[PDB]
Each structure stands twice: as C-alpha cells, then as structure tokens.
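Chains as they are written, first to last, in the entry's author numbering: chain C, 412 to 526; chain M, 2 to 526; chain L, 2 to 526; chain B, 2 to 526. Working notes for the structure below.
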Ligand SMILES: Nc1ncnc2c1ncn2[C@@H]1O[C@H](COP(=O)(O)OP(=O)(O)OP(=O)(O)O)[C@@H](O)[C@H]1O
Ligand SMILES: Nc1ncnc2c1ncn2[C@@H]1O[C@H](COP(=O)(O)OP(=O)(O)OP(=O)(O)O)[C@@H](O)[C@H]1O
Ligand SMILES: Nc1ncnc2c1ncn2[C@@H]1O[C@H](COP(=O)(O)OP(=O)(O)OP(=O)(O)O)[C@@H](O)[C@H]1O
Ligand SMILES: Nc1ncnc2c1ncn2[C@@H]1O[C@H](COP(=O)(O)OP(=O)(O)OP(=O)(O)O)[C@@H](O)[C@H]1O
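In structure tokens, the structure reads:
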C-alpha cells in the first residue's frame, strides 16, 4: 500500500461512519480514527511543515494521493515509489491497538521499591 | 531608591515573558467565540468579561521586568483604544506576534534596527494596501449594517444611528441619552463639540462610562490661567447658592487650582468639572465667543480687563446638558439665543470670505460647521432601566464603530482584512537580509488574529488560515456559525480605521520594543 | 498592587476545588434530613444551621483562585435566592454537578463553547419541559397546602396566607406584622407597593430580616437628584424636632448624600431610610403623585420650581407603617384621604380609557391595581414573643414560596421534578458530538439534587434515582418518612419558579464558568 | 541502568556548551602563535602542548550531555586526523563555528533539515571550488618546500623527503628509521605496504608513535580464521624458542584468539602483532602469495589443506623490519629472493595482460606497482638520541603533509584558502530561505580559522579578515611575522586534502549535529 502514512489516512477516511454499541465504544472508535492519522502528522512535523494542513490536504484527496516528504511536495506515492508492505503497517497498527487496549485497562502497577 | 538594571537577552526574555502573559490573558477573549476571563473585585463577585480592555487594564505582574513589558503592551493597547474605541484584543495579539517573532529573530543575531525598519516598511505597505482595500461606508445602508453588527446584531440601534447620521451629516455630532418612553427619541438641538478633556479623573461622576454628564449646568468661560482659587471663590459661592452642576472653561488650570477643585469634589458640596480652552490664540478667543453666544455667557480675559472674581450668576453661560468625555466635551441645548447664534454664524461666514490663509479658513469653516449643524441626540427607548443601560452601552460602542467606519472605511472583519493584506504583500523585499526578515515577521504576524479567533473557536488555526489564504476577495471563516463564506454576506465587518490603528500601534510599539536593551527598575523590596 | 494570572487546566482545577468546597459545605444541609453545618460567630456560640444561605454566605477560601470559585458559585446562589427566596442548596448542587461534569469533559479536550452551548440547549429544553410539567396552584386549597408545607407543616400560617391571597387577589400584596392578641389578625388597608430598594445596607434596622420597618414615619417625595445635604438639612431638623422615622423617595441619591446619611444613621439622631424613585419619566411623576395622594404628601421637582430646602412638616407625607426590603418597598395605612385616592383611581382609569399605546396602558392598569387593591396585613398571633418571631419567619418564607408558586406553578418536590424532566429529554441531540456531550452533562446533573437528598438520608443514591426514574408521573422517594410514594399525596411540593430559576442560574454560571481560562488575582501577600 | 533523556532546545544548549568547551580548549592552540594548553599527567609534571590532538583527546566533560557533545566533536576531529594527519584544530574550529551559527539559526525556528541541506550544498560548492583553487605540488621543488615548512622550517628533512619521493615515484612508499651516523641514510629495499591495522591497541609497543616496529620478525601468512589458540600454540612455542618478534597475517582473528594474544603480550614472553588479511578473495590469496614470495613464507588455507598447527620455523616468512601502523602495515627488507619476486611480478604482469575487468586489472596493476617499486627508507642522521627522536617526529609529520599535498594539491595556508573559497561563493543561493541561511552559515563559518589564528596573535580578527577578503589571490596575513603578504612567497602552505577533509567532516558532523533532538544518557550517579 502507498507509504508515507497515507495508508492509514485513507483507512480512516473509509471508516468515519462506523459506530459502536454505546457512547464509550463510539468514543474509542473515534480515538482510533484520530490516532491512525498520527504517523502522517509526525512525518510532516519532522519535515517542519504544518501537520494539520497536510493531514487535511491528504484527506481531501482520494486514492493514493499524499505528501512526499523527501521532496516535500504533494503527489501520488505509486508514481514516485514511496511504498510500504501491507503486512508491516497492519501488524504495527494491530500491535499498537493491542498494547493500547491492554494498557488503557491498567490500574494497579506494582513495582520494586525505589532504593 | 536604588535600582537594578537588566540589559541583554535576559532583559528581552523578562519582557517577552511579561508581554506573553498579558497578551494571552487578553487573547483568550478575542473573537465572538472568545472565552470568558475572570478578574478580581475586592468585594463581592469576581467580574467576568470577554472584553480585552477590562482584562488588560487589570494586568500588572509581580516581577518588575515582566511588569515593565506588560505596562508597555497595555499602554499601546490603550492608545489603540483611545484612537478607535475597540479592537484592543486585536492590537495586543498583533503586538504579541510581532514582538515574539522579532525577539526570536534578534536572538538569531539579526540587526534590531534593521529588523525594526523592516517591520516599519512592511507596516507602511500594509497601511497603504489596507487603504486600497478599504470599502467606503458612505452609504446609509452600510451605516445601518455596521451599527446593527456592532451593537449585538440589533437593527434598531443601527437604524437610529443612521437617521441621526443623516441629520447631522457626514462629520456631525451624535450623542446618546436615556429616554423615558419605550419609543426611541431622536432629536436635533443646536449645540457644541470640542476636543478638550477633563483636568483630573476625579471629576468623572460615572467611572463606568468615563464622561461627566451634567444636567442643567452653569458654564463659565475664561481665557486666562486659574492661578489661585480665590478667583473661583465667588463662583463657588454662587453655584453653592444655586445648587446646580458647574462647568469651567479656562485657558490653563494650575496644579493647585486643580488640587483644590479635587478636594472640593471630594467634599462635593459643589459639582465642578473643568476643561482646557479649546483652540489656540485668536481662534480660541473667537470660538469661546461662539460658545458664549451659544450659552449666553461671557468670556473672561486678563488682557481685556474683567476678572474671574467679578463673576455673577447672569454672566455665566448655561445649557440643558453637557457631557465631558476623556478628551472631548459636548454641550446640548444651550440657553443662548438662536438669532445671536445665527448672527455669529454669519459673521464667521464673512470671516471665511475674507480669509486668505488656508488653515485659518479651514478653522473658520469648521467653526461655522459646528455652530450651524448642531448636535443630534438619540434617547434610548424600551421598558426597563436595566435595558436602558445595556442598550445605552450598545448605542455608545456602536456609534463609535460607526464614526470610525465613516472616517476611513469598512473592510471584511474576522481577521481576513489582515490576511488579505498579507497575501497582497508577500513580494515586498527589503534593503538587506535583516529588513527582509522583518518584513517576513510582519507577514507572519498579521495572520495572527485570524488564527487566534479560530483557536478560540477550537478549530485548527493553520488549516483555516490556509483556507482563507487560498480564497480571494472577502472570503473567510465565520466564527459564530463556524462556517466559511463571505463576510459581507453575513455582515461581519470592521472599520478600516480601527484595524489600521491597531496594526500601526502594534508595529510602533514593536519597533520601540525590540530595540530595548537596558531596563532600569525600582529595586525589588 | 501587582497580580498573578493563572490560565489553563490549573485555573479550572483551582476553581473546581473552590466550588467543590463551597458546594459540599452547603449540600450537607440539603433536604429535610439535611445535616447541621456549624458556622463560627466571633463572640459566643457558633451558629448551627440547615439553611444553605447562611453557610454559602459565610464561605470564603484562603487560596485566591479557590476563593474565586467559591465567590462565583455563592453569587449565583444568591442570585437564584433573590429571584425566588429558597432553593439555594438546590441551585448550588446543580451548579456543582454541571460544572464538575463540564470541566471533566473539557479536560477531555471537548470544545468549551460547544459544551456550554449543549448545556444551554439542554437547559432551555428543561425549562420548557418544566413549564409543560408545571401544575398550576391557582386553586385556594393548594395555596393553603403549599403555605402549610413551606412553614414547617403549620396549617394556620398557610390558611391565613390563603385568606389574604383571596382578599388582595391573584397578584396582590400581603405583608406580615406582629399582632398583640393570640388570635391571628387579618386586615386590608389601602397602601403602596413598588420595587425600589435602599441606597445602603446601613439603612437596615434589622439585618436579620433585611428590611427597614418604620412605625408612623414621615415620607418625603422628591423627583430630583439629592446632590447636596443642605437640601436635606431643614428636613433633618424638622424630623429631629418630630423624633419619628423618616422615609425619602427621590430620583437620585448621590454618593455623598448617601455618605452623609450613612454617617447620620451611625450618629442615628435621625432615622433616615432612602429609596430610589420608582417608575420612569412621566409614569414615575404620575405614580409619585399617586403616592403623595396616598400619604398626603407633595412631590418636589426642579422643573416645576419647589426645592427640597423649602420643605415643611405638613408637606411631607405620612403613614402608619412602611417596610423597605432589599429591592422592594411597601407602605401601610397612608394618612391621605381615601376619597382623594378614589379620585386619583378615576383619573388614571380615564387615562387607561384614553390610552392608545400598549405599554403605557398596562402601566396605568397596574397603577390603578396597586392604588385600588391596597395591601393585606397578616398580624401573627401566639402567646410568647419567641414563637411570635419564629412564626413570623415561617409566615415570611411561606408567603415567599406561595407567591413563587402562584406566579408560575407547582411541581412535585423532592428532586423528582428534575428527574422527570431528565426522563422526558433523554432523546434530545446536539449539533455535534460536544454539544451532545453537554446535553448529557445536563441530563446526568439535574439528577443530582435527588441523589444528594438521598445521600443526606443515608440511603443509596443510585438505587433511589433508578427507582424514581422507573416510575412515571409524580412518584418519588419521601425523605422525611424515608418511604416511596406520590409527592402530591404526602404534600412535598416545590414552586416551578424556584426550581426553574435554580436550574437556569446554575446552567448560566456553569456556561460562564466552564469557559474561564485566565484567572487574574491580587498577589498572595 | 536507567536513563535520562533530554530533547528540545535544552539538549542543543547542553551540546553547544560542551562543543564550545572542547573547541575553545583546542582553539587556543591554533596557529603558529597558538598558545600553550597544559594537560594533566597523573604523575610528575603536567604536559604542555600547542597540538590540538593531545588537548582534544584528553577532554571529557563532567555533565553527561556536554560530554556527549564533546565526544562527538572530538571523534570528528580524530576522523579528520586519521584522514589527513594534521589540522584537527582547524577542523574543530570549523565545526564549532558552523554548529554555533547553525544552532542559533535553529533557535530562530528555521528548518533543521533545510539548514543542514544548505550547509551540505555550500560545503559541496566549497569542496569543488577548493579543487579548482588547488595548486598541484607535483614538482619536486614545492615538495621540498612543503617538507621544509611542515618540519619546523628544516630544509634537510624536506630535501630527503624530496629525493625519496623521486626514488619510489609519485605514489611510492617512504618510511622513516633511525640512522646511527650523523649523515642521513636514504636507501631502497624491496618491501611491502598494505592497508590493514592491528587487532588491538595493546599490540602497540610505542604508544607515543602509534605503530608496532619490529626488528627481524618472523612472519606467518594465513588465509583462515584463527578460531582457537591451539592453532597458534606450536607457532608460539617456536617463536619463544627463537626469541624474536612475531607478525601474524590471517583472514580473521576471533575475539578470544585476540584476547589470548593480548594476555600473552601482557605476559610478554612472546612478541605477537596480528593484522587482518589485506585484499579480498582471490585477490587476497594472490597478494598473500606475493607477500610469501617477498618474505620466503607460506600461506595457510583451510581449503587447500594445511593447518596453522602444522607450522615450522622454515614455513614462516621473515624480514629485517616491519611496521604496523594504526591502519597500515609495511615490511622492510624481506628475506625472500629477488628473483622469485621478479618472477611473481612477471606473472601478475601477464595477469594484467589477460585481464578484462577494469577493477581486477587495476588491482593487478597496483599489485605489480607495490611488488616492483619497493620501499624507500630515510634513516635520520644527527648527533644526539634526543634530536634523533624529535627529528624523526618531524620527518613523520612532514612526510604525512607531503603525501597529503601530493594526493590532491597545495593551497596557500593560514586560513586564506577558506577565505578565498568564501569570497568565491557569496552568490550561491538555496531552494528556500532556510537553505540560503545555511549557506550563509557556512560562509560566515569558513572565515573562522583565519579569525582564530589572528585572535591567537592578538590582532583584531575582523580587521584582518576584511583585509584578506579585500585582497585577491593568495594574499593574506602572516602570523609568525604578523605582517601581510603572499603566502607562497613566504612559504606558508597547506595541503588541499587536509583543509578539504577538515571542512568536509566539520560540515558532516555539523549536519548530523544540528538535527539532534533526543539525547539518551546514562543516569548521573
Ligand atoms: N519519501 C517519503 N515520503 C513520505 N513518507 C516516507 C518517505 N519515505 C519513507 N516514508 C515513510 O516514513 C516511514 C519510514 O520511517 P523510517 O525509515 O525512519 O522508520 P520505520 O520504517 O517507520 O521504522 P523502523 O526503522 O524504526 O523499524 C514509513 O512510514 C514510510 O512510509
Ligand atoms: N462572527 C464573527 N466571525 C468572525 N470573526 C468575528 C465575528 N464577530 C467578530 N469577529 C472578529 O472578532 C473580533 C472582535 O472581538 P471582540 O468583540 O472580543 O473584541 P475586539 O473588537 O477585538 O476588541 P476589544 O473589545 O478588546 O477592544 C474582531 O476582530 C472581529 O472582526
Ligand atoms: N419530605 C421531603 N421529602 C423529600 N424531599 C424533600 C422533603 N422536604 C423537602 N424536600 C426537598 O428538599 C429541598 C429542601 O431543602 P432545604 O429546606 O434544606 O433548602 P432549599 O429549599 O433546598 O434551599 P435553601 O438553601 O434556600 O434553604 C427541596 O429540594 C425540597 O423539594
Ligand atoms: N606562519 C603562519 N602564518 C599564518 N598561518 C599559519 C602559519 N603557520 C601555520 N599557519 C596555519 O595555522 C594552522 C597550523 O596550526 P597548528 O599546527 O597548531 O594546527 P593544525 O595544523 O591546524 O592542526 P593540529 O591540531 O592537528 O596540529 C594551519 O591552519 C596553518 O595554515
């Protein structure tokens, strides 16, 4: 899939209509939606440009359109070769969501005594 | 006593800390979605406001240098206020953005004088581009529109301002009063307006308004300095026998005549409000004669021979009402005969005809204008005294915005004025790298008010800034509805004068503010 | 002097700490099982109270920001008090619940503007649904019932309120006095009622009541501003010769006339209570003429010609008694002739007949209503002066609750009003997610008073809340018996106006209080 | 254990503090008026030096992050040292100036990646302009001149380097030895040079030089990994019976074979120095056969069949002397027959003739070059063993400067090389404002070495910098005489390679240095 974070951006743009069984699961869905947009924003922030402007520009475009970071210009990833395996992005998102679901529901944190 | 100085980058960072504190304190309130700011009152509830005047005036910081920076930015905000009447949050946001980017550039070793010159050239270009972009509000319909929009989208207030504007003309005098009936009472009566303020803030009966409103006062006209209060002693005795408010118009009031009048107003057995003599020299004497004609009074001069001690109740002028603003005084329904006022108008008209000096001719022309046009009075009409005072405040700031728009023009409000000015000036260069950087400082800082309005609305400032910059004309982002569109369609408008003055004073204090190194102060004790 | 600002989440958490402190302090007393809160008196025993007015008014916190939170919530509780007279614990509980859930939502990054708008729409829907659910109390039996229930389940007090309510009609004036005999005395005397308060709190003879009660006072009628006290000097000399209480009715009282009258009341050789002029303009002058007809007095005006110096003992009006509340003043048994009052009634009735303007027509209609109906007086009767004063206080707050019920309606008390309103409004959505969340804030927060009543009873708040929500109608949980049932059957009732005002002002301060970022304060010193 | 991170501007100021500390510490020594820096030896007197290698190598800071910055700049100075041999003070001055201007620009909010790209393009332009400005030193007279100037203005050392340069040709092998007689002994013996260093620093007999000099050592040739020391056990027994130094050439030496050899050298009964196998694959095997021909040895390989255990004293090669530098090893006067070496030269010459791959042909050509040219030995001649060792060190660094000049070229020393490069590149722009600022950072930072030389002389750096910039060509400011003039006339010269490498690694570490945000570190304990 087209690399540069636009994979997760397009996935989020394809899933804004998904609801949950109540308000809290719906909020968790929205948490995931505003959080898979993070890698593109962080790439842009490393480039120094405005993360929100570029995120909205990529979301406005449809398909594989995104923002090249090396040239710092917009365009199609497939034309300029910026690509990522589906497996690595899927596994990264799966493991991030798994550790987050385990991690959110953590209350007691027992530790060796500070000595 | 002894003092500590601070010079270098520590001085600028102390100052920047202070200006950031004050500017955030007031910029929380910017825009129609501006958040409320709470302020201490010593007794009772803490006041809460979306007005940056009240927030800024309240600020003073504990550290003397942060205090110093705060006092500078507050004073320039108050200067932009007194120039226009509104937009102090806009002026402070612009001043903060310019000074933060400027001091950050100076910490990069760029020349402070060159950076200030760059901001100076960029703001001169911004002023002239705003004049080119300024849309006139000479038509009565846009006058009614800006009067509506200024006063909480109330069409009645802007309407009344429109008819009063028609009555007294393009530069005429409009004043608000409280009307008994639920209908608004619009009238025109021959009166006076001149640009002279009070001698002391203790003469103001209403600190919430800032003006001295006197009903049926006796007016004294003097062309001499008030050296001693013995000259005012028979007048004070006469006005204490009369038991009515007293207005004094004199050439100079000395510090101890003022001190005795302040002590007397603290005693308050007499109601004394004093103003300086308007005009200069022979012009001042002539228009003081005009005021004496208007009120039936007499001008007292040392050179002619009469003294302030030799004053009777008949010699003093009188009127139905007077108002003494911060820097202005108007007189409503003077007792003096309209036939004598007409004769004075005629006399100054042949003075116009025989006038050869252009400036003197303009002085005589504005004399006949103020002497013939008179004053329109809009008396607020509704059911409750509460809505009397709130609708009166709405009429006040609405007419302030209206006259500010009439003087210069109107441009689409909501920050898109400065955004469009910046989009029209990205190609302006400087005489070297540092002046060019200062130009870019001004360019990235005039975009600050729109970003701050959006940030108060909660939306993304950069996205909306680029959305407005992409569009051309008066297209922008309405903040009340939180939707894009044309400001002129939805009526969001700002006077060209208030925005121009806000940017001008922000850039002026920023040029004086970047180039500050030594900061002497009272010792922290 | 210098000041400290606090903006961000630390500002809101300081405010939240303060409002939590005050709201718990007063909400311990909520409900009939409300626990005692003990407050320090400087001398003697500390007072003990179940009334949230006394607890809230006493509160001020050591930290200036927590002090600010406390002062905000206390002031809105006092505002809802002056609107209604009771239910300040309910207003503070509602304000606390709304502000806690709202600030918790804001800390989750939701838009404070949108959240406040959601609370605003939800509370407007709650107000209209409460109006729909409001049961009128126009019948005399329910008037007697609410008068009984308000005054510690005393049927005699509510009964007397019911007959007085019949005598002066649906919007008439009822005033409590102390009667000599053990039997309750109940009379109608033609008098005056108008909504004008005192000029200073130092004019109140009884701070425990809050009103100025004067027996056989001389009343002065004025239509002018009291600029100087020399105008009041012959009146003060005459009333010092008379040695009786003095009432002043004037257009304006200046700050120094007020200061001299405060100094005189501290001297206390004269008994002076001053009020503003009721009404506005020609209406004010006409009804002042009506008051002069009622008391045999004369109105003094600058325009007509007479002065306050030219005042005799005959010119001043007189009456058997006057009462000057916080914002209210009534006059009982004026000396002026009933035939002259009837002639004035006829004159203003013909003014009604010739009236074409609407607002003037209901002004003249309420003028003839207050001039013809008079005032009912309930003189309390019992054996001991102690039970005289406690039954007098019971009559006071019972008639306050009665008039509040009569104005708007009555709904089943005990918190089930807001519970039913919430159960009727769970389907209301907002324009986005954040306004919807604010609606849910209001929904989960109007259930707070019932939960707090139950928690004061010691039972489980959630169980009882769900039990009341399961039932439909007026079913709820009686707290005195700690048993379920119908509030109307056990008579537990609350006026619609007090609950509506409590929720309205709680939501108003919560909208103004969620959206507070900059918190500027006097420096901690 | 656990760690502290520091990211943001605090990281960059910690790093900048560290690099400023180290760079000032070394730049006090820059230039011929370079001041003495005194460094502690744990025993006896503290050493004193004008050489930045010794100062920089000593520095490590107490704060962990300043230590990080110092270690980075020291490592890049050492990298530029190992590339060239001199100019570490110049490299550190350039790195400090670039990083100070760059981090100051980043503190102005410019893009660190864009700024690094600007420095990258500016330094690429500087490299190509320095190549264009480079004057070749192919002539023997300038070789003698640079050899004189490098070795403390000693014409004899530069002379001897010039003849040796003639004997072994333009790219031949020259090595310094100690000669007994006062006359210098300049000879040619057929030998070996290859670019392979030692396995461990503990193999160096002379830490003050950095090389392993062995007189009459036995050389073992191996093409296999030394997995275990049992393979080296019979060789160690044989060389212990012989009692002579031992050289090992093997494919790989494992960490434990190296550990056992380090333990043996600490035991020191055997004198073992090991190097990696030079070359790769078939080329490595062929040139190892060449080395075995040179020394009379035999190459041991796992694939052919013989083992390192099956080694006799005849099978190992021998030579009169070997030197094992940091990354280089040369062999002087191998025992192997010159006729066999000539036959091997012929065989690799027909290998050249049948070669079709260009790279393989170049490998065979450099093989025949090193196998036929041999090694020139300059045996230093003087009277005292002291002046033997300092004149030996002078020959060492003089021939290092000579080979550096011969490889690339020579440009007028004294900082005027970078000054002229900067004056040739002031018109180079970038792709935006930030890359342009990075270009300007490089431009105002290549002028730093001349300014630092002048500042060490005590004169005004800015005046001399502008004086040199005004002149064109090779005009500059002599520091030894403190007079202006042409460097080439007065002989102050620097190799193009050392200055180019100093600027290259300075710009490389500065690009890697600017874009540093997060610094993990060992916790301060
Ligand atoms: N030219 C480019 N334009 C935009 N995005 C790019 C470009 N090249 C790579 N990326 C994106 O940047 C990321 C690659 O970052 P990087 O190579 O530093 O590490 P990584 O692959 O995310 O992780 P790691 O190396 O830590 O396992 C990917 O999300 C890739 O899609
Ligand atoms: N509906 C709107 N949409 C967008 N911008 C608006 C809207 N209404 C007002 N504005 C802008 O918001 C600002 C008005 O802010 P506000 O009323 O708080 O005070 P001000 O005029 O900026 O200054 P101050 O009252 O401190 O002197 C102006 O810049 C105005 O153009
Ligand atoms: N028997 C009862 N059962 C249930 N709820 C009751 C009962 N009696 C009163 N209440 C409720 O308790 C509250 C009365 O509390 P309380 O008399 O302490 O003060 P308040 O009217 O809330 O306010 P204030 O602070 O102004 O006195 C009202 O909400 C009322 O509906
Ligand atoms: N007489 C001179 N006049 C001007 N510059 C000179 C003179 N002699 C040497 N230089 C310059 O001074 C520097 C030599 O200083 P120094 O020998 O202390 O250190 P280095 O060669 O830069 O490096 P290292 O620290 O590795 O010894 C070079 O830049 C050289 O061009």
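In this text, a Cβ means the ideal position worked out from N, Cα and C, and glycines have one as well.
Do residue 36/B and residue 457/B come within 8 angstroms of each other at the CB atom, strictly closer than that value? Walking along the fourth chain from the start, residue 457/B turns up at place 456. Walking along the fourth chain from the start, residue 36/B turns up at place 35. Going by C-beta atoms, residue 457/B is nearer than 8 angstroms to residue 36/B.
Since residue 461/C meets chain M, which of its residues come closer than 7 angstroms, beta carbon to beta carbon? For the purposes of this step, residue 461/C is taken as residue 50 along the first chain, with counting starting at 1. 463, listed in chain order.
With a Cβ-Cβ cutoff of 8 angstroms, do residue 528/M and residue 218/M count as a contact? In the structure as shown, chain M starts at 2 and stops at 526, and residue 528/M therefore has no counterpart that could be examined.
Give the residues of chain C in contact with residue 467/M, contact being defined as C-beta atoms less than 7 angstroms apart. Along the second chain, one-based indexing puts residue 467/M at 466. 464, listed in chain order.
Assumed close pair residue 24/L, residue 74/L - CB separation to whole angstroms, cut-off 8 angstroms: Residue numbering aside, residue 24/L sits at position 23 when the third chain is read from its first letter. Residue numbering aside, residue 74/L sits at position 73 when the third chain is read from its first letter. Your pair residue 24/L and residue 74/L checks out as a contact, with CB atoms roughly 6 angstroms apart and the cut at 8 angstroms.
Can you pull the chain L neighbours of residue 61/M, defined as C-beta to C-beta under 7 angstroms? Taking the second chain and counting its residues from 1, one reaches residue 61/M at position 60. Simply 3, 4.
Rounded straight-line distance, which links the Cα of residue 438/C to that of residue 488/C: The sequence position of residue 488/C within the first chain is 77, counting from 1. The sequence position of residue 438/C within the first chain is 27, counting from 1. Going by the C-alpha atoms only, they are around 32 angstroms apart.
What in chain M is Cβ-close to residue 521/L, meaning under 8 angstroms? Against the third chain, residue 521/L aligns to sequence position 520. Neighbours of residue 521/L on chain M, chain order: 26, 38, 39, 40, 41, 56, 59, 60.
Residue 513/L CB to nearest heavy atom of ligand 2 below 7 angstroms: The count along the third chain starts at 1 and reaches residue 513/L at position 512. Distance from the C-beta of residue 513/L to the nearest heavy atom of ligand 2 is not below 7 angstroms.
Taking only heavy atoms of ligand 4 into account, decide whether any of them is closer than 7 angstroms to the Cβ of residue 54/B. Against the fourth chain, residue 54/B aligns to sequence position 53. Taking the Cβ of residue 54/B as the reference point, at least one heavy atom of ligand 4 falls within a distance shorter than 7 angstroms.
Give a single yes or no on whether residue 33/M has its beta carbon closer than 7 angstroms to a heavy atom of ligand 2. Stepping through the second chain from its first residue, residue 33/M is reached at position 32. Yes.
Under the three-state reduction of DSSP, which class applies to residue 171/L: helix, strand or coil? For the purposes of this step, residue 171/L is identified with residue 170 of the third chain, where counting begins at 1. Residue state for residue 171/L is assigned as coil, using DSSP reduced to three classes.
Given a cut-off of 8 angstroms on the beta-carbon distance, is the pair residue 477/L and residue 137/L in contact? Against the third chain, residue 477/L aligns to sequence position 476. Against the third chain, residue 137/L aligns to sequence position 136. The answer is no: Cβ separation not under 8 angstroms.
Determine the direct distance from the alpha carbon of residue 262/M to that of residue 270/M, and round the result to whole angstroms. By 1-based counting over the second chain, the position of residue 270/M is 269. By 1-based counting over the second chain, the position of residue 262/M is 261. Straight-line Cα distance between these residues: approximately 11 angstroms.
Report the rounded CA-to-CA distance for residue 212/M versus residue 205/M, giving the unit in angstroms. As a working mapping, residue 212/M is identified with position 211 in the second chain. As a working mapping, residue 205/M is identified with position 204 in the second chain. Per the coordinates, the alpha-carbon of residue 212/M lies some 6 angstroms from the alpha-carbon of residue 205/M.
At least three beta-carbon pairs within less than 8 angstroms, the region 303-310 of chain L to the region 226-239 of chain L: Contact check between the region 303-310 of chain L and the region 226-239 of chain L: three or more CB pairs, one atom from each, fall below 8 angstroms, which counts as touching.
Can you find the residues in the same chain that come closer than 8 angstroms, C-beta to C-beta, to residue 162/L, ignoring five residues on each side of it along the sequence? The sequence position of residue 162/L within the third chain is 161, counting from 1. Excluding sequence neighbours, residue 162/L sits near 144, 145, 148, 175, 379, 396, 399, 400, 403.
Check whether the Cβ of residue 450/C lies closer than 7 angstroms to any heavy atom of ligand 1, and answer yes or no. Working through the first chain from its first residue, we reach residue 450/C at position 39. When distances are taken from the beta-carbon of residue 450/C to the heavy atoms of ligand 1, the shortest one is below 7 angstroms.
For residue 106/B, go through chain M and note every residue whose CB falls closer than 8 angstroms to its CB, in chain order. By 1-based counting over the fourth chain, the position of residue 106/B is 105. Simply 109.
Figure out for me which residue from 418/M, 393/M, 294/M, 304/M has the closest Cα to the Cα of residue 347/M. Locating residue 347/M in the second chain gives position 346, where the first residue counts as 1. That would be 294/M, whose Cα lies nearest to the Cα of residue 347/M.
Going by the CB atoms, is the gap between residue 20/B and residue 71/B shorter than 8 angstroms? Taking the fourth chain and counting its residues from 1, one reaches residue 71/B at position 70. Taking the fourth chain and counting its residues from 1, one reaches residue 20/B at position 19. Against a cut-off of 8 angstroms, the Cβ pair of residue 20/B and residue 71/B comes out as a contact.
When you compare only the Cα positions, how much space is there between residue 304/L and residue 238/M? Translated into the one-based positions of the third chain, residue 304/L becomes position 303. Translated into the one-based positions of the second chain, residue 238/M becomes position 237. If I take the Cα positions, the gap works out to 23 angstroms.
Tell me the DSSP secondary structure of residue 50/M in three-state form. Counted from its first residue, the second chain places residue 50/M at position 49. Strand at residue 50/M.
Ligand 1 heavy atom lying under 7 angstroms from the CB of residue 416/C: If you number the first chain from 1, residue 416/C lands on position 5. Checking the Cβ of residue 416/C against ligand 1 gives yes.
Enumerate, from N- to C-terminal direction, the unbroken beta strand (DSSP E) stretches of 3 or more residues contained entirely within the region 449-489 of chain M. Inside the region 449-489 of chain M, DSSP marks whole beta strand (DSSP E) runs of 3 or more residues at positions 476-479, 484-487, from first to last along the chain.
Going by alpha carbons, who is nearest to residue 407/L out of 140/L, 341/L, 475/L? In the third chain, the residue the question calls residue 407/L occupies position 406. Its Cα nearest to that of residue 407/L, the residue 140/L stands out among 140/L, 341/L, 475/L.
Determine, using beta carbons only, whether residue 431/C and residue 420/C come nearer to each other than 8 angstroms. Within the first chain, residue 431/C is the residue found at index 20, counting from 1. Within the first chain, residue 420/C is the residue found at index 9, counting from 1. Their beta carbons are not under 8 angstroms apart, which means residue 431/C does not touch residue 420/C by this criterion.
Burial state of residue 515/C, where buried means 16 or more other Cβ atoms lie within 10 Å: In the first chain, residue 515/C corresponds to position 104, counting from 1. It counts as exposed.
Boundaries of the beta strand (DSSP E) in which residue 40/B is found, first to last residue: Taking the fourth chain and counting its residues from 1, the one referred to as residue 40/B is at position 39. DSSP places residue 40/B inside the beta strand (DSSP E), whose first and last residues are 38-40.
Using a Cβ-Cβ cut-off of 8 angstroms (strictly less than) and excluding sequence neighbours within five positions of residue 427/C, which residues of its own chain qualify? Here residue 427/C corresponds to residue number 16 of the first chain, with the count starting at 1. These residues qualify, in order along the chain: 444.
Which residue wins for smallest C-alpha separation from residue 452/M, given the options 338/M, 29/M, 372/M? Here residue 452/M refers to the residue found at position 451 of the second chain. Selection 338/M, 29/M, 372/M evaluated against residue 452/M yields 29/M as nearest (Cα-Cα).
Could you check whether the Cβ of residue 22/M sits closer than 8 angstroms to any Cβ belonging to chain L? One-based indexing of the second chain puts residue 22/M at position 21. Yes, its Cβ sits closer than 8 angstroms to a Cβ of chain L.
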